[PDB]
Structures are given as C-alpha cells and as structure tokens.
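These values consider heavy atoms only, across backbone and side chains, with no hydrogens, waters or symmetry-generated copies. First the proteins, then the strands, lettered A, B, ... as listed; each starts at 1.
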Amino acid sequence: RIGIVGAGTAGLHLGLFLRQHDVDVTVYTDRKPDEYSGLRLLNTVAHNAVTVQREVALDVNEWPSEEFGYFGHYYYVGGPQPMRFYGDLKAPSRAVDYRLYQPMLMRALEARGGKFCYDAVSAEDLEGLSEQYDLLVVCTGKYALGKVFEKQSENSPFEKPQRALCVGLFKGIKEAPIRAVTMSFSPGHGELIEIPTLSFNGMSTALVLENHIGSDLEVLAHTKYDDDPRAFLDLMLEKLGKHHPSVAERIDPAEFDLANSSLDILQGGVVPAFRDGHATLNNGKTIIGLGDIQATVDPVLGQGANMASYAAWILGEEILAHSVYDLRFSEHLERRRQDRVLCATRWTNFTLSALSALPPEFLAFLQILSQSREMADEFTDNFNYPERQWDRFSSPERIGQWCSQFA
Amino acid sequence: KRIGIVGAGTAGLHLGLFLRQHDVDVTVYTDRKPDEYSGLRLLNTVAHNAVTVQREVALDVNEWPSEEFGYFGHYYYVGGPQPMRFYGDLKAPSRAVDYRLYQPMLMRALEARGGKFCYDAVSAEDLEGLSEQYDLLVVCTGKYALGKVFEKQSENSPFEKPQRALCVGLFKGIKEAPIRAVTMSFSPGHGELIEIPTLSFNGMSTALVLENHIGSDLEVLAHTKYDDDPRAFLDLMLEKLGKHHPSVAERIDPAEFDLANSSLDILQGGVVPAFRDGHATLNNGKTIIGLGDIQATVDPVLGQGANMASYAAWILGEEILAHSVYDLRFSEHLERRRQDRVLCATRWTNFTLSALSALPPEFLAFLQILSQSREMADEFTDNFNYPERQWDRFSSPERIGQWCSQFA
C-alpha cells in the first residue's frame, strides 16, 4: 500500500506509524540490520524530547532519555574574554549511535509486519515502484535520489560547505557536573558541539567540529587518523586546548582516543539544500520527499534527525486522512510540515553566517544571553522548536525585541 | 612462546593460527572487530591460490571449499584489431571470497583457538613499549605509517607513484564463462581488467579489477564517482568495457548490471609498489619483524599480495618455533627462506606493469607463442602459484626466448 525508499529515522518512523494503523508498508534499503556496526559514523545528531515522545508513542523507547540522555546545554564562547553559561532543557534530549539505534527500529518494524526489500534503489526505478504502491515515499539522499526533487534557490543560499567538518566519538572525556551538551565557539575559527552519546562501548562523547574555512582549525578535517593515530590525537588535544578549553580541561590525555575504532570519525562537508517536497514523474504520479531529501541541513544546530521524525509523523497522519495522493494532498502536507522544517534550515543558515561575520545585533544577543539564565533556558529548550527560534532571529528588530524582554 | 602481532589481515591471522596450533601465546592488535566487517567499504579483492588454500586446510580454516566457491583456470583476452582469446588451466583450484566475510571467519577461528585480540590502533611510538611486552613483535599492517620504520629498499622499488589508476568493485549481472574462471583482459595502451569469480554477501558475484593506464581512454573510470550518479557510472562502465574488454562485456546483462550489494562495493585510487626490509631495530635494541604488506606492497594486477602474506606467515611461524633468540641472525634465517618468492612476486608484477605499457619485442613474441600453445598457457597459469618460477622465465630476454622455443 505504501512504499518507502530508504530506511533512516524518517522512513522507519513513518513505517512504524503506518504499521500501528494496520497499513501495508514496504521499505527499500541497501543495508541489513546486522550490517550496521561496521559502518562509518553516520548522523551524529541527537533526538530531542519531542522526538523521544514519538518514540514512546511508537513503542520504540529502547534507551530512555532520562537514563541515557542529557538535560541542558553548557555554552562556551571564546576570545580574550570568554563567556561561560548554562541553559536547561525542559525535558531531556538523547543521542544514541545510529549503528545501534537504526537496527533497533528496523527489527521493531519487521516484527510488527513491515516488509523489507534489501535492494539499492536509483532514480530509474522510481516510475516502476510508483505503480506498485498507492504512494511512494523517498527519504534517502543516497544513490543520487536528491536530484529527483528540484532545488529551491530562494531557500538554498549556499552552494558549497560552510564548514570543514571533523565529527567523532571519543573516550576519555569526563562528563560535566550535569550530563549536558556543550556548545563551544572559537571566534573566527570554529564551533564545537560536545554530545554525550551512547555507543558500542557505552557512554562516550561526540565531538562535532564545525571548522571555519581558512582558519587555524581547518586542518582537523583533513588530517587522517589512520595515517598516524598519535599525530591526530596530539593535534586534536592542542587545538581543543586553545580553541575549546572548557571541553579540553575535562579530557584525560592518557585515555583520549576514539570510542571504539577509526570508523568513529567522519570528515568532509555538507552542502545545505532545501528542495521540493514532492515530484511528478513521467507516468503522471506524484511521489513524496521526506527528511534529508527535502532538506539537507548543516549539523551545527542538530536539527536533521528531529525534522525527519517530525515530518514522518505528519506525513503518516496525512496518508491515513487522504485517499488521493496528488498535488492537493501535497499542499495539505506542506501546510502542516513546511514551517518547522524550513525554519530549521533558515535558523541553521543564519547561525552559520552570523558566527562567521559576527554582526552587531548578534553580538548584543550573545551578551544578554550570557547574563540571563532565563533567556539561556528559553533559547536552549527552543532547539526543540526551530519555528519559534526563527521568530527571534529572522530580523534585527526581532532579535532586539527578544533581548529587551530580559534586560 | 609469547608473540605480539600488530595488524590482522591474511598475514597476521594466518601467523596467529599457525602459532596457536603449537600452543604459543598469541596477541593480535587490530582496529576492526569481526562483526564490523560486513559494513565496511570494499577491501582487497585478491584471490587465494591452491598453495594458500592448502595452508588454510592445514590451519582448519577451509570454510569455503574450492569446488563450490573457487575457480579452475584463467581466460586471457588481448585487445587489438585481431584479438587473442585463449585459456590456461590451474592444476588445483583458486578461490576468491569477499574479505568482509573471509577475515571475520579467520578472526573467529583464532579467537576460538585461544588467540587474543586487543582492539586498538597502534602508533609508531607504541612499538618500543610493545616489543618489551613480548618475546617477538611482528608488524603486518600498512596503516598508521608503520612502514616508515622498515627501511625502503630502493634497488627493489623502481616506482614511487601508482603505475595504474584503479577502479575495483563487486558486481552482479555478469554471467559466468563456460568454465568458472578468472579472465585477464588487456587493452593495449589503455588498461588491464581482472575479472574474478567471488563469493560475497548475496552469493557468487564478479569482481572487476580495472587497472587503467594513466592518460588513457580508461583513466576516467577511476575518477567518476558512483554516488554522484549510479546510472551515469554504470553506462560509462558498459561503454568502456564494451570497447576495451569485450569478452567480459559480452557476458554482462545491462538490466541487472550494478554493484553486488551496495555503494560500498567499490574502491577507487592507486597503489604505490614498494619493497622494504623484513626487519627493524628499535631504540631499545630489540628486533621487530615485518610481514605481508608492510615488507612488500604489490600492485594487484597479478594478484600476488594475499598469497605472499599467507606464504610469509607460514615461514615466519615455522622460524618462531625453531629459534629462541629473535635478532639479526634470526632475521637472516627468515629472509633466506621467504625472500625469493616474495621478491620475485614484486619483480614479476613490476616487470609485467612496465611490459604491458611499453610492449617490448620479446614480450609480444611471448604473447604470440602463449596464445597458440595450451601447454604453455597451462604452465603460465598454474605458475601464478609460484612467482619464483615466473621470474625464472621473465628475468631476461634470453630466458623468455628459451621458454618460447620449447613450445614453438
């Protein structure tokens, strides 16, 4: 009845939802559940409280957020006079290695009647699959399926990576007084997101290094661990030492290494893109884009996974409520999902550009944020709601209005 | 009595398995667990010949019998206006199994036999400390720049950059030849293709080892990415194979032709051939032994790498039992036993690489006689098991001519 091209958080959450309402689902993915452990580190993004609520509703709360998650954000922002402050999440967020998490979802879906076809799907296959199901949904960007959905230029200002990425899971990093993410900014050099992450060997810490192009931190995206582990580790230690010291001071150098293996490191760049939420094929049938295919987001704000889960839930509801899946159905869908998903893109793109250029109104925001606990709490919890973050950041007047609410 | 092995692979695990049979203490240092192999990008697609499977049988690690999963000869194709098509038998079957299935099988066998694993990445700085923890430390991984510890032998290393732009992948949709066999296809001045019947996740598949000449009509296959556009890559592949390697291309079903399991079934790049000292003396005065890829990095064109790794592991294994002091004299005993075959594999591969691009008169004359004599083709094919015998033939033009004269 419903065909899903691609597993991942979007496809599996959609499949699990539809399966609760006795809808026939088939998922097309290339990797078997028992073949995930050896994959290179996937999307290191955390799942927020709202996504966790969906997991509870979908009966896939394998690793509870209160036991395995984190409860707020520590903030570090560097320079000659560094700022150190904290904001609470109202309910815990949680990061679990996707190499453990995705197979869990796949096994839960299969056990509940969801069918799996373990085969690689490319653009040429889409027309044939569209005639096999009432609706075809594609949520994976791999095998170049992203090219099927037209790029929206008005929502895609960047054409190349804005940061040089070095993302890894590490051992030997002590936990802060409270289990929390640390967001560290080295002015003109880079961002670090430290995320407590459950992986193979237990609780480790993810280091998401969003390094500026041409900065003192860019080398970390180009130096290979497998070329010389000691040299990589030494370089990491000194770079964190001077750029992200609030994280660095909790590192034990004797224990500092990757959490499991050299597979726990991912280096490169992400081109942010916002695309059409639907595509019309040659046979006249409409297919629906979900998750990464509709929006490729830079991981700095950790929005990707939460947007995938959110849109999957809405699309699931809309599949039940409608019987004709055409342009009108597509309109209904976008009306419900677009704002939050688009705002996650807009808030991420704004933040990347604001961090590099450092505009007057943004610097004034960082100052009031550091000096107001109540503002830090609100800003932190609003990571769960990117639409209301864009309500704050969309204009200099809105930034100023929000700042005046506190001091 | 107590041996430390840096790196797994065929070299490390064969050595480990050998030593455990004689109840010596074995520890292997690797950064990959057995259950992590299935999700890896494509590894070395080299086949194991009859002498290697013989060692595998002796090590009770013959998981995939040569009869059901192996191949029985080589088809040879040489391109041109009048192509050469000929065949040579192997006396005993060779076998290629995806290393992402084969390596964990070795690891599980070694684990179950008392072999210990320390799952860690080893840096050059760690070697001195590790050498003081074991009676002998052996390195066999080419990772972590550990090769730099073993002095490069310039007289045995004529190349300093990759001689070929590589595109290697596991493919479905390629029909088997009348006999289950490797095909070695040569497009004059453009590239070599080694088609290997290989057991992978979904059963029997076919490896395509495309060794493309730099500046040719085939170099583009090593640079165009499958993930950018799968259809464009496969169409390009079908176009290039149809032109340059038609004997393989004729057996391809274009409707099914794709990577065997996933996008991870493809490797592109290059190999820098090198031959290094088989030993190194550290600052603490202790001798460490080099094994497999770290002492000899070979181009995959003749598929010698894995066989040499297995061969040297057996020799080193035997010498470890025969000696109690592991120094320079021990190293001499090892080198005099293992060197000729391992060195001749390097020499023969390098000679072949240069001869295929330059095409000397004595090489073309050899090709002519080989294509018309099955007995010579059979001898040449089976001698893939014996690199030293191949170098007895190819080391000089006089030796090539003598071999041609006894078959003409």
Side-chain angles (χ1 to χ4, degrees), chain A residues 7 28-42 97-100 102-103 118-126 128 140-148 171 199-201 223-234 255-265 268 271, chain B residues 7 29-43 99-101 103-104 118-127 129 141-149 171-172 200-202 225-235 254-266:
Chain A
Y28 292 83
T29 183
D30 63 356
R31 192 109 285 110
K32 283 178 174 70
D34 55 77
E35 298 173 330
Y36 269 75
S37 61
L39 289 170
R40 186 159 300 281
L41 183 68
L42 307 163
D97 195 325
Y98 264 23
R99 297 170 286 187
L100 296 171
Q102 297 299 318
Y118 301 105
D119 194 283
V121 175
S122 61
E124 63 182 332
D125 298 318
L126 291 172
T140 189
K142 62 199 184 183
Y143 303 99
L145 286 167
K147 289 169 74 180
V148 184
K171 57 188 266 77
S199 193
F200 305 105
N201 297 311
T223 179
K224 303 283 184 173
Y225 178 90
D226 280 336
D227 283 351
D228 192 355
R230 191 67 264 156
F232 181 88
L233 266 34
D234 287 351
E255 278 281 331
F256 187 69
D257 198 1
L258 291 163
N260 184 64
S261 71
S262 62
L263 289 162
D264 299 341
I265 192 83
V271 185
Chain B
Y29 292 83
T30 6
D31 201 49
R32 296 292 182 271
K33 286 188 180 70
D35 63 316
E36 295 170 352
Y37 272 83
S38 64
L40 296 178
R41 183 160 290 276
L42 186 66
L43 303 164
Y99 261 27
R100 296 168 296 180
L101 291 173
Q103 294 299 316
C118 178
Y119 297 107
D120 209 287
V122 176
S123 301
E125 287 82 14
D126 301 319
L127 296 177
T141 176
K143 289 186 175 183
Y144 326 121
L146 295 170
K148 297 184 186 297
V149 190
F171 293 89
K172 64 175 180 174
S200 197
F201 307 106
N202 297 315
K225 266 73 194 293
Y226 176 91
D227 293 342
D228 291 343
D229 194 349
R231 187 69 269 154
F233 180 88
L234 293 164
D235 282 2
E256 199 190 7
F257 184 66
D258 203 348
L259 296 170
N261 179 244
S262 72
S263 64
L264 296 177
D265 293 349
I266 190 164

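- Every residue two or more places apart in sequence or in another chain was checked for a side chain to side chain donor-acceptor pair (under 3.5 Å) with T141(B), and none qualifies.
- Only the side chain of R32(B) comes within contact range of chain A, with heavy atoms under 4.5 Å apart.
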How far apart are the C-alpha atoms of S261(A) and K33(B), what are their side-chain angles, what is the distance that settles it, and do they pass the side chain to side chain contact (heavy atoms under 4.5 Å, CB included) test?
-> CA-CA 9 Å; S261(A) 71; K33(B) 286 188 180 70; over 6 Å; no

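- For the side chain to side chain donor-acceptor pair (under 3.5 Å) test, no residue two or more places apart in sequence or in another chain qualifies with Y144(B).
- To the nearest 0.5 Å, atoms CD (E35(A)) and CG (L264(B)) are separated by 9.5 Å.
- For chain A, the nearby parts of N261(B) are the backbone and the side chain; heavy atoms of each come within less than 4.5 Å.
- Between chain B and the residues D226(A), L233(A), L39(A), the most heavy-atom pairs under 4.5 angstrom are made by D226(A).
- Inter-residue side-chain proximity for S122(A) and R231(B) is flagged as unmet; no heavy-atom pair is nearer than 4.5 Å.
- Options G146(A), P229(A), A123(A), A120(A) differ in how many heavy-atom pairs under 4.5 Å they form with chain B, and the most are formed by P229(A).
- Looking at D228(B), the atoms closer than 4.5 Å to chain A (heavy atoms on both sides) all sit in the backbone: N, CA, C or O.
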Show your working on side chain to side chain contact (heavy atoms under 4.5 Å, CB included) between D31(B) and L258(A) and close with a plain yes or no.
-> CA-CA 10 Å; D31(B) 201 49; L258(A) 291 163; 6.0 Å; no

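- Distance check, rounded to the nearest 0.5 Å: NZ of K143(B) to CG of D228(A) gives 14.0 Å.
- Neither the backbone nor the side chain of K148(B) comes within contact range of chain A; no heavy atoms are under 4.5 Å apart.
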